[PDB]
Amino acid sequence: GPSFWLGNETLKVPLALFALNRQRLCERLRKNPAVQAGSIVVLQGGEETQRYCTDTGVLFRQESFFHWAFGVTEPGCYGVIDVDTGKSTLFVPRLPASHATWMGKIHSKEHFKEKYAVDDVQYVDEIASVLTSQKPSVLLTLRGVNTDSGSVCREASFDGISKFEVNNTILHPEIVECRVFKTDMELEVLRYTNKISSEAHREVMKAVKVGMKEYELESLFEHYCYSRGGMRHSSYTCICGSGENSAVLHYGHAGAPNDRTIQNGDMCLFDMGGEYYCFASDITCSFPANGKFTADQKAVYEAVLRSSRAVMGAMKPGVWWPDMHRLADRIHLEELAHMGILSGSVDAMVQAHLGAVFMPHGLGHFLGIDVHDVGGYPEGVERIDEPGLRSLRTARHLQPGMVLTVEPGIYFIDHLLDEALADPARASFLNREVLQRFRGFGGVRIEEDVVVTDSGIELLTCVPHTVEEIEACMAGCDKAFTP
Amino acid sequence: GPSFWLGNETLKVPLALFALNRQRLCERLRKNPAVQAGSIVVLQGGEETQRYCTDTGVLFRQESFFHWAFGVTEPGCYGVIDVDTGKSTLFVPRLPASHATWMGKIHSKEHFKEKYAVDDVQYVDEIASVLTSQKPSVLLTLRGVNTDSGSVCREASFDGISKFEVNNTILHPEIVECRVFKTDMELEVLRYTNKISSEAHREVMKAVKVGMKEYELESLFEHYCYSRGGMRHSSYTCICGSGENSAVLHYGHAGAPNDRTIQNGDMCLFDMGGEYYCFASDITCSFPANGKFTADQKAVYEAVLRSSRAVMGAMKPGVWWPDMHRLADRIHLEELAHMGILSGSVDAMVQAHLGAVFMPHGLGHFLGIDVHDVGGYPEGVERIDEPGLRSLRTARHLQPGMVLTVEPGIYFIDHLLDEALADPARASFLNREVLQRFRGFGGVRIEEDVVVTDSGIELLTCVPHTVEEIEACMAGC
Ligand code: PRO
Ligand code: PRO
Ligand code: MH2
Ligand code: MH2
Ligand SMILES: [Mn+2]
Ligand SMILES: [Mn+2]
């Protein structure tokens, strides 16, 4: 069957991937005792947008649930799936004749049927008549809360939908659960997004020079991903933090726009990931700007490497993800004590939540069509109300097919360090005579993407993440070179 | 005073630029007989957005009117201007402590006052209290219709605004008219955006090879503009049309996403422009993929070059922009007739609107903060209901300080050609036996950005646009 492909060395993605997702969704809904016979899933695709009131078009990127079910890149579509039969119908806009002058060929409905391997294609303005003819019992629309944004997924609507019975509660938890477990075809795409992003990270590490602006490397990363990977989008705005900016977890946004000059002795923390056909990647490489770790930089880096490796070695089905976060905390505290930054009982440090001073974010998150992917907190899975752990994007137990980031880090964040020094329950663990030397260090994060298997994990990422590999990469060594 | 700068060789833009815009706006409002003493202009900045219901942040780009007035890059702000005194007050978000962990330094109000050279800075949550203290007669908010999108500019709102008298009709035409006329400081930025975009077009022309995907050149263009020019955004989605796609005027969007392989013998039409600090550029280069014009490609190309140069040379204050569009039409028809595609009286072809078959779009448009900049059709300026001219984005007469694109083109668009061939009033002019050789040609567009001066124009763009220049650039010369 047909495939999405951007030529050259880019990945061919079979449209069968989306047919399987639809099949899996129907199979799950058929098992759901509350789903009525004759139900139809109704999804509304994204629409094209402009900047504010101007006619400046914004490049259209499909809504993620609609993409997951259909793989459709055109704006203005709807899509329906008959639960009982699995039959799929794509609704496409009826375009004006002038479209052929300004925007491109006005493809036939049959063109879209063959392109997307759906069972039927109709025009959007006929949706009410088409659905009436199918005599559905209930329309299942999409409404629910994203647990990272807090936003409500807005459900499909069309003129005449009020004449149908509409249920907007069943579908969201079910399609979310389908998205949590990646198919073999989806894993091929996530292997590819990690491959290209890993290559781009290596090119960035080879290119960094003292005196460059952070955004020069953002630009290079995105250029590699697009020109060599066909990744028109990134999965999120590139985080290119040098020096003290490496302690700012989502640095690089419009208010702090990757505009610092890289200086000798700085650590760089580059958290970047290209997106291919709406599939994410998320990789973080930390490294010295000048290509040579100092003793202090090596020690911090090695501490995060130890926690990364311990978590990856422990991950398997049945493991509770908060336990991995606590494991990383304990290891960071142990290693910071071995460095002389902390002293005393690590057991007592953990009770005082001292780990969250150095790692205020979650250990890692589901990844998929969204970089912070859906399904981390389904009903009954509670957020843990403690420093650090409350920022975890899931508190689930690991199961085969989940895709997670593993991204421990250690940072030197002045307001968190000063809070600890003002708190009698935490202050005594800090050795200011050594800590002072790490003020303004920034931080280190080591992030890889992994798949939970039947017995452990598969590593998707291939970047230089040991001290020796990093120094070798920055010295221009071939990838195949093993220091 | 302070300047916006992204380091390296990027342009330092003085924040005085925006102070001058605020002063010019107040000067216009003070002359408006409907404006009451004690009025305050209230603008609302753009807010950060995410992809649909996800937490995936969209890179924030400021709303154009707010940028024009204040130059502010942070989301979530408001800005007000006392009309009588010109005093400016910026309102910034009061950020939570966690901002320092996740997003960066929590700058003080004094930092923002120094950065933006405004008279006062307050927190957004104080806007109602601050404005109440000033006892305004009326708040002037922004509402009006963009004549390219048809969308309504949404006016500022804040908690408590219902307690004030609000006027939402006066401001839009006045701030639009100020944007139409670029200051010398604005022109310096548009010279720079054209400089970097021109350099990037040259790099793209040198890099094009048969067998590449169109999007490889989109990527290179944007990489040059960002890494070398500090242009994090483009002014619009890059149009990288090869072969038949060069006849698709806004090719490159998500439904036709620059995904064709460039083939030997194809024409390329690359319409791309980087954006620096929310100032646009818009440049188009057309050229043969293999670096050598065929006779047919050269003839089409030189026809568009002729109209490009004729229009630029005729532009001066007082010229009616529709006349320039018709001038390009007439030249195209003359040249297509010389090539044997057309036959008969060019005067009669013009009366039949045949030029619009080959150039269905407007000759060019205002350019500024937005690539299709505001103010093309103020009240009293009417759109001309004829093929081609109806797509003109302004029907104004030219005046000094206006910034225009000049972008004639000739395209071979099947449905327009076929409609003309069905019409006995136009079919006689077309020679099917010659036209058939140009079916699937695509098209040629040549675009320059210019400023109207007291005596003529100043050309901002510097790209290879003669056949000799193009072939030399592409041969690695
Ligand atoms: O948002 C998160 O969960 C991770 C933490 C570091 C940056 N991204
Ligand atoms: O939209 C416009 O007015 C011009 C015509 C060709 C592409 N841009
Ligand atoms: O977390 Mn990247
Ligand atoms: O027209 Mn660009
Ligand atoms: Mn991540
Ligand atoms: Mn233009």
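Start at 1 and count along the chain as shown; that gives each residue its number.
Determined by X-ray crystallography, 1.6 Å, according to the entry header.
Heads up, the Cβ atoms here are built off N, Cα and C, so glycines get one too.
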If I go by Swiss-Prot, which of A:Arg232, A:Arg383, A:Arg390, A:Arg393 binds dipeptide at the same site as A:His250, A:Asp282, A:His372?
A:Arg393
For the Mn(2+) 2 site that Swiss-Prot assigns to A:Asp282, A:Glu407, A:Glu447, which of the candidates A:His233, A:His253, A:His365, A:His397 is also assigned?
A:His365
According to Swiss-Prot, which candidate in A:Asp271, A:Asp296 joins A:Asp282, A:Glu447 at the Mn(2+) 1 site:
A:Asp271
Select, from A:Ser162, A:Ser286, A:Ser428, the one residue given the annotation phosphoserine by Swiss-Prot.
A:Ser162
Can you give me the same-chain residues 6 or more apart in sequence from A:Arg393 (dipeptide binding site) with a CB-CB distance under 8 Å?
A:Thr147, A:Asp148, A:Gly362, A:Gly364, A:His365, A:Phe366, A:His372, A:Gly376
Give the three-state DSSP assignment (helix, strand or coil) for A:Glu447 (Mn(2+) 1 binding site).
strand
Which of the recorded positions listed here (A:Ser162, A:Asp271, A:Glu447) have a Cα atom within 10 Å of the Cα of A:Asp282 (dipeptide binding site)?
A:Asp271, A:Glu447
Listed in sequence order, residues with CB under 8 A of A:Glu447 (Mn(2+) 1 binding site) and six or more positions away:
A:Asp271, A:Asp282, A:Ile283, A:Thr284, A:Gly364, A:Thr405, A:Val406, A:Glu407, A:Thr461
I'd like the number of other C-beta atoms within 10 A of the C-beta of A:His250 (dipeptide binding site), please.
17
In angstrom units, rounded to an integer, how far apart are the Cα atoms of A:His250 (dipeptide binding site) and A:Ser162 (phosphoserine)?
43
Applying an 8 Å Cβ threshold (strictly under) against chain B, tell me which of the binding-site residues A:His250, A:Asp271, A:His372, A:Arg393, A:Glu407 fall inside, in sequence order.
A:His250, A:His372
Excluding A:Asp271, A:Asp282, A:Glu447, please set out which residues of the same chain place their CB within 8 Å of the center of the CB atoms of the Mn(2+) 1 site, keeping sequence order.
A:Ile239, A:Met272, A:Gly273, A:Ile283, A:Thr284, A:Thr405, A:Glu407, A:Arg445
Span of the dipeptide site, taken as the largest CA to CA distance across A:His250, A:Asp282, A:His372, A:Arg393 (Å, rounded to a whole number):
15
What is the number of other Cβ atoms found within 10 Å of the Cβ of A:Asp271 (Mn(2+) 1 binding site)?
25
Among the binding-site residues A:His250, A:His365, A:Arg393, which have a Cβ atom lying under 6 Å from any atom of ligand 3?
none
